[PDB]
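Structure file run26.pdb with PDB, C-alpha atoms (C1' of nucleotides) and all ligand atoms:
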ATOM      1  CA  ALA A   1       0.000   0.000   0.000  1.00  0.00           C
ATOM      2  CA  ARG A   2       1.949   2.951  -1.356  1.00  0.00           C
ATOM      3  CA  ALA A   3      -0.460   5.457   0.217  1.00  0.00           C
ATOM      4  CA  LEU A   4       1.034   5.840   3.684  1.00  0.00           C
ATOM      5  CA  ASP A   5       4.648   5.985   2.498  1.00  0.00           C
ATOM      6  CA  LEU A   6       3.751   8.370  -0.313  1.00  0.00           C
ATOM      7  CA  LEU A   7       2.282  10.573   2.401  1.00  0.00           C
ATOM      8  CA  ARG A   8       5.493  10.039   4.386  1.00  0.00           C
ATOM      9  CA  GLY A   9       7.256  11.643   1.440  1.00  0.00           C
ATOM     10  CA  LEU A  10       6.086  15.071   2.595  1.00  0.00           C
ATOM     11  CA  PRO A  11       6.522  17.215   5.707  1.00  0.00           C
ATOM     12  CA  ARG A  12       4.315  16.774   8.754  1.00  0.00           C
ATOM     13  CA  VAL A  13       0.679  17.229   7.858  1.00  0.00           C
ATOM     14  CA  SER A  14       0.131  20.406   9.805  1.00  0.00           C
ATOM     15  CA  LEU A  15      -3.028  22.456  10.175  1.00  0.00           C
ATOM     16  CA  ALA A  16      -1.952  24.436   7.084  1.00  0.00           C
ATOM     17  CA  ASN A  17      -3.021  21.606   4.777  1.00  0.00           C
ATOM     18  CA  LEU A  18      -6.546  20.480   5.620  1.00  0.00           C
ATOM     19  CA  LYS A  19      -8.106  21.486   2.341  1.00  0.00           C
ATOM     20  CA  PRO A  20     -11.829  21.246   1.686  1.00  0.00           C
ATOM     21  CA  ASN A  21     -12.432  18.545  -0.893  1.00  0.00           C
ATOM     22  CA  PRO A  22     -12.557  20.005  -4.444  1.00  0.00           C
ATOM     23  CA  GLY A  23     -16.274  20.131  -4.993  1.00  0.00           C
ATOM     24  CA  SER A  24     -17.106  20.960  -1.396  1.00  0.00           C
ATOM     25  CA  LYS A  25     -19.292  24.011  -1.939  1.00  0.00           C
ATOM     26  CA  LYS A  26     -20.131  25.840  -5.142  1.00  0.00           C
ATOM     27  CA  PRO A  27     -18.807  29.408  -5.114  1.00  0.00           C
ATOM     28  CA  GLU A  28     -20.742  31.860  -2.996  1.00  0.00           C
ATOM     29  CA  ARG A  29     -21.382  34.400  -5.740  1.00  0.00           C
ATOM     30  CA  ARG A  30     -22.364  37.797  -4.428  1.00  0.00           C
ATOM     31  CA  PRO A  31     -25.179  38.557  -6.948  1.00  0.00           C
ATOM     32  CA  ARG A  32     -23.385  41.326  -8.805  1.00  0.00           C
ATOM     33  CA  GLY A  33     -20.388  42.126 -10.960  1.00  0.00           C
ATOM     34  CA  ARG A  34     -19.665  42.205 -14.674  1.00  0.00           C
ATOM     35  CA  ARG A  35     -20.620  38.547 -15.256  1.00  0.00           C
ATOM     36  CA  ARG A  36     -23.173  37.173 -12.785  1.00  0.00           C
ATOM     37  CA  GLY A  37     -25.420  40.043 -11.687  1.00  0.00           C
ATOM     38  CA  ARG A  38     -26.426  43.458 -12.995  1.00  0.00           C
ATOM     39  CA  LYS A  39     -29.974  43.503 -11.636  1.00  0.00           C
ATOM     40  CA  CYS A  40     -29.505  40.894  -8.862  1.00  0.00           C
ATOM     41  CA  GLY A  41     -32.438  38.501  -8.938  1.00  0.00           C
ATOM     42  CA  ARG A  42     -35.207  40.760 -10.275  1.00  0.00           C
ATOM     43  CA  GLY A  43     -34.277  41.827 -13.811  1.00  0.00           C
ATOM     44  CA  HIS A  44     -35.139  45.278 -15.128  1.00  0.00           C
TER      45      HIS A  44
ATOM     46  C1'   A B   1      -3.579  53.376 -63.324  1.00  0.00           C
ATOM     47  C1'   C B   2      -3.144  54.332 -58.247  1.00  0.00           C
ATOM     48  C1'   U B   3      -5.019  55.430 -52.996  1.00  0.00           C
ATOM     49  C1'   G B   4      -8.436  53.461 -50.005  1.00  0.00           C
ATOM     50  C1'   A B   5     -10.235  49.128 -43.941  1.00  0.00           C
ATOM     51  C1'   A B   6      -9.942  44.700 -37.735  1.00  0.00           C
ATOM     52  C1'   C B   7     -12.026  41.426 -45.317  1.00  0.00           C
ATOM     53  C1'   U B   8      -7.433  38.319 -46.306  1.00  0.00           C
ATOM     54  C1'   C B   9      -2.327  37.209 -46.660  1.00  0.00           C
ATOM     55  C1'   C B  10       2.274  38.358 -44.604  1.00  0.00           C
ATOM     56  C1'   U B  11       6.147  36.957 -39.037  1.00  0.00           C
ATOM     57  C1'   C B  12       4.938  35.822 -34.255  1.00  0.00           C
ATOM     58  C1'   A B  13       1.310  34.825 -30.885  1.00  0.00           C
ATOM     59  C1'   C B  14      -3.721  33.527 -31.166  1.00  0.00           C
ATOM     60  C1'   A B  15      -9.214  29.636 -25.930  1.00  0.00           C
ATOM     61  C1'   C B  16      -8.304  37.855 -24.988  1.00  0.00           C
ATOM     62  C1'   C B  17     -14.971  42.801 -28.745  1.00  0.00           C
ATOM     63  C1'   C B  18     -23.183  41.170 -28.410  1.00  0.00           C
ATOM     64  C1'   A B  19     -28.770  41.770 -24.963  1.00  0.00           C
ATOM     65  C1'   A B  20     -30.690  39.445 -20.536  1.00  0.00           C
ATOM     66  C1'   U B  21     -30.351  34.889 -17.884  1.00  0.00           C
ATOM     67  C1'   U B  22     -27.649  30.680 -16.399  1.00  0.00           C
ATOM     68  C1'   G B  23     -23.290  27.728 -15.712  1.00  0.00           C
ATOM     69  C1'   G B  24     -17.664  27.059 -14.033  1.00  0.00           C
ATOM     70  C1'   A B  25     -12.591  29.331 -12.277  1.00  0.00           C
ATOM     71  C1'   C B  26     -10.020  33.347  -9.881  1.00  0.00           C
ATOM     72  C1'   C B  27      -9.389  37.353  -6.200  1.00  0.00           C
ATOM     73  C1'   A B  28      -9.483  43.591  -3.406  1.00  0.00           C
ATOM     74  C1'   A B  29      -9.061  44.217   1.673  1.00  0.00           C
ATOM     75  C1'   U B  30     -10.331  42.285   7.175  1.00  0.00           C
ATOM     76  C1'   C B  31     -11.088  38.606  11.198  1.00  0.00           C
ATOM     77  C1'   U B  32     -10.029  33.865  12.932  1.00  0.00           C
ATOM     78  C1'   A B  33      -7.034  28.914  12.967  1.00  0.00           C
ATOM     79  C1'   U B  34      -2.240  27.275  11.948  1.00  0.00           C
ATOM     80  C1'   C B  35       2.029  29.631   8.937  1.00  0.00           C
ATOM     81  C1'   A B  36       5.098  33.529   8.371  1.00  0.00           C
ATOM     82  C1'   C B  37       7.818  38.158  10.139  1.00  0.00           C
ATOM     83  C1'   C B  38       8.275  45.010   5.014  1.00  0.00           C
ATOM     84  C1'   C B  39       2.876  42.028   3.538  1.00  0.00           C
ATOM     85  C1'   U B  40       3.046  36.242   3.630  1.00  0.00           C
ATOM     86  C1'   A B  41       0.729  30.791   2.302  1.00  0.00           C
ATOM     87  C1'   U B  42      -3.588  27.807   2.879  1.00  0.00           C
ATOM     88  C1'   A B  43      -8.411  27.075   4.978  1.00  0.00           C
ATOM     89  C1'   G B  44     -13.578  28.776   7.927  1.00  0.00           C
ATOM     90  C1'   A B  45     -16.114  33.090   7.828  1.00  0.00           C
ATOM     91  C1'   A B  46     -18.636  37.588   6.647  1.00  0.00           C
ATOM     92  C1'   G B  47     -21.794  44.599   7.987  1.00  0.00           C
ATOM     93  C1'   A B  48     -16.742  41.676   2.665  1.00  0.00           C
ATOM     94  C1'   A B  49     -14.741  46.764  -2.697  1.00  0.00           C
ATOM     95  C1'   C B  50     -19.354  52.570  -5.917  1.00  0.00           C
ATOM     96  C1'   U B  51     -18.348  58.246 -11.335  1.00  0.00           C
ATOM     97  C1'   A B  52     -24.237  58.840  -9.016  1.00  0.00           C
ATOM     98  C1'   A B  53     -30.112  56.690  -5.843  1.00  0.00           C
ATOM     99  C1'   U B  54     -33.468  64.954  -6.373  1.00  0.00           C
ATOM    100  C1'   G B  55     -29.116  60.210  -0.222  1.00  0.00           C
ATOM    101  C1'   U B  56     -26.721  62.255   4.543  1.00  0.00           C
ATOM    102  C1'   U B  57     -22.105  64.195   8.022  1.00  0.00           C
ATOM    103  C1'   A B  58     -17.732  67.066   7.833  1.00  0.00           C
ATOM    104  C1'   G B  59     -14.495  70.196   4.598  1.00  0.00           C
ATOM    105  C1'   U B  60     -13.883  73.403   0.574  1.00  0.00           C
ATOM    106  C1'   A B  61     -14.754  76.023  -4.402  1.00  0.00           C
ATOM    107  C1'   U B  62     -17.900  79.263  -7.468  1.00  0.00           C
ATOM    108  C1'   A B  63     -21.098  83.095  -8.211  1.00  0.00           C
ATOM    109  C1'   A B  64     -16.539  87.142  -5.600  1.00  0.00           C
ATOM    110  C1'   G B  65     -13.287  89.997  -2.392  1.00  0.00           C
ATOM    111  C1'   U B  66     -19.000  91.269  -6.239  1.00  0.00           C
ATOM    112  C1'   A B  67     -25.067  91.689  -3.751  1.00  0.00           C
ATOM    113  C1'   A B  68     -25.787  93.991   0.731  1.00  0.00           C
ATOM    114  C1'   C B  69     -24.031  96.797   5.612  1.00  0.00           C
ATOM    115  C1'   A B  70     -22.823 100.797   9.424  1.00  0.00           C
ATOM    116  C1'   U B  71     -19.970 106.534  12.608  1.00  0.00           C
ATOM    117  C1'   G B  72     -23.711 114.996  11.590  1.00  0.00           C
ATOM    118  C1'   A B  73     -19.428 118.551  11.371  1.00  0.00           C
ATOM    119  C1'   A B  74     -15.718 120.878  14.070  1.00  0.00           C
ATOM    120  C1'   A B  75     -12.324 121.158  17.638  1.00  0.00           C
ATOM    121  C1'   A B  76      -7.518 121.190  24.223  1.00  0.00           C
ATOM    122  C1'   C B  77     -12.777 115.950  23.001  1.00  0.00           C
ATOM    123  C1'   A B  78     -13.954 121.270  27.540  1.00  0.00           C
ATOM    124  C1'   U B  79     -17.568 122.375  24.151  1.00  0.00           C
ATOM    125  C1'   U B  80     -20.047 125.164  19.891  1.00  0.00           C
ATOM    126  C1'   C B  81     -23.289 124.779  15.682  1.00  0.00           C
ATOM    127  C1'   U B  82     -26.771 122.460  12.073  1.00  0.00           C
TER     128        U B  82
HETATM  129 MG    MG A 101      -9.489  38.577 -39.744  1.00  0.00          MG
HETATM  130 MG    MG A 102     -20.982  37.275 -28.497  1.00  0.00          MG
HETATM  131 MG    MG A 103      -4.949  39.654  -4.546  1.00  0.00          MG
HETATM  132 MG    MG A 104     -19.912  44.750   1.691  1.00  0.00          MG
HETATM  133 MG    MG A 105     -17.566  58.608  -3.497  1.00  0.00          MG
HETATM  134 MG    MG A 106     -24.191  62.457  -3.955  1.00  0.00          MG
HETATM  135 MG    MG A 107     -20.748  89.802 -11.054  1.00  0.00          MG
HETATM  136 MG    MG A 108     -23.798  98.768  -3.503  1.00  0.00          MG
END

So that I can check it, write out the structure of this file as structure tokens.
Amino acid sequence: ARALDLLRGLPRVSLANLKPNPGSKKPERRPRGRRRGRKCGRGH
RNA sequence: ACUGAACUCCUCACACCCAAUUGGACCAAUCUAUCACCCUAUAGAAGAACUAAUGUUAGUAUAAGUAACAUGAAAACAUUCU
């Protein structure tokens, strides 16, 4: 099982590494900007 | 016969010019948790960034040193005159 030793190939897994899993939460878009929102949920 | 453009070719480098709406990836600053020690990495947040709403608080221009405004005269400030 190469997993544990492959992990041993790095420094100590400190608190600086606990990443949310990619696909954890979709981006919290503030309803604005040049791309997502110009009228923010109501239209003209 | 030329001159005449993002049409096209010419050499690089090409996924870099609609309307809403939707869908994905990055980040301005701050706080926190570990890092780090001239502005820093990665994560959880969240009152999270403005050329404007006939917005409001402070400052300050302009119109401008303009529009408008006051002390009867004289005299040693005794007093006289109008
Ligand atoms: Mg072309
Ligand atoms: Mg288009
Ligand atoms: Mg940045
Ligand atoms: Mg905000
Ligand atoms: Mg402003
Ligand atoms: Mg204003
Ligand atoms: Mg004038
Ligand atoms: Mg005058």

Please produce, as JSON lines, a per-residue contact table for chain B versus chain A (criterion: any atom at most 9 Å away, all atoms listed in the file considered), showing the nearest atom pair and its distance in Å to one decimal, sorted by chain then residue number.
{"residue": "B:20", "atom": "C1'", "partner": "A:43", "partner_atom": "CA", "distance": 8.0}
{"residue": "B:21", "atom": "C1'", "partner": "A:43", "partner_atom": "CA", "distance": 9.0}
{"residue": "B:22", "atom": "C1'", "partner": "A:36", "partner_atom": "CA", "distance": 8.7}
{"residue": "B:33", "atom": "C1'", "partner": "A:15", "partner_atom": "CA", "distance": 8.1}
{"residue": "B:34", "atom": "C1'", "partner": "A:15", "partner_atom": "CA", "distance": 5.2}
{"residue": "B:35", "atom": "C1'", "partner": "A:16", "partner_atom": "CA", "distance": 6.8}
{"residue": "B:41", "atom": "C1'", "partner": "A:16", "partner_atom": "CA", "distance": 8.4}
{"residue": "B:42", "atom": "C1'", "partner": "A:16", "partner_atom": "CA", "distance": 5.6}
{"residue": "B:43", "atom": "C1'", "partner": "A:19", "partner_atom": "CA", "distance": 6.2}

Given the choices B:47, B:23, B:72, B:65, which gets closest to ligand MG 104 (chain A) if the distance is worked out from all atoms listed in the file?
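Checking each candidate against ligand MG 104 (chain A), we get B:47 as the closest.
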
Residues within 12 Å of ligand MG 103 (chain A) (only C-alpha atoms (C1' of nucleotides) and all ligand atoms), as number ranges by chain?
B: 26-29, 39-40

Could you give me the centre and size, in Å to one decimal, of an axis-aligned box around all listed atoms of region 5-19 of chain B with 6 Å added on every side, as AutoDock Vina command-line options?
--center_x -11.3 --center_y 39.4 --center_z -35.8 --size_x 46.9 --size_y 31.5 --size_z 33.7

Specify as a ChimeraX atom specification each residue included when the PyMOL selection byres (((not hetatm)) within 12 of (chain A and resi 106)) is applied to this file.
/B:50-56

When the PyMOL selection byres (((not hetatm)) within 12 of (chain A and resi 108)) is applied to the structure above, which residues does it catch, written out as a PDB file with C-alpha atoms (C1' of nucleotides), in the frame of the given file?
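And here is the file that came out, part_12.pdb:
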ATOM      1  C1'   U B  66     -19.000  91.269  -6.239  1.00  0.00           C
ATOM      2  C1'   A B  67     -25.067  91.689  -3.751  1.00  0.00           C
ATOM      3  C1'   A B  68     -25.787  93.991   0.731  1.00  0.00           C
ATOM      4  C1'   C B  69     -24.031  96.797   5.612  1.00  0.00           C
TER       5        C B  69
END

Dump as JSON lines the rows for residues of chain B within 7 Å of ligand MG 101 (chain A): closest atom pair and distance in Å with one decimal, all atoms listed in the file counted, ordered by chain and rising residue number.
{"residue": "B:6", "atom": "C1'", "partner": "A:MG101", "partner_atom": "MG", "distance": 6.5}
{"residue": "B:7", "atom": "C1'", "partner": "A:MG101", "partner_atom": "MG", "distance": 6.8}
{"residue": "B:8", "atom": "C1'", "partner": "A:MG101", "partner_atom": "MG", "distance": 6.9}

Step by step, measure atom-to-atom distances between ligand MG 102 (chain A) and each residue using only C-alpha atoms (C1' of nucleotides) and all ligand atoms, keep those at most 10 Å, then write them as a count of residues only.
3

Output the neighbourhood of ligand MG 104 (chain A) as a PyMOL selection string, that is, all protein and nucleic acid residues with some atom at most 9 Å from the ligand, counting all atoms listed in the file.
chain B and resi 46-49

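What separates CA of residue 7 (chain A) from CA of residue 24 (chain A) is a distance of 22.3 Å.
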
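Coordinates place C1' of residue 30 (chain B) at a distance of 13.9 Å from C1' of residue 44 (chain B).
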
As an exercise, work out the distance from CA of residue 40 (chain A) to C1' of residue 45 (chain B) in Å and give it to one decimal place.
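We find that CA of residue 40 (chain A) and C1' of residue 45 (chain B) lie 22.8 Å from each other.
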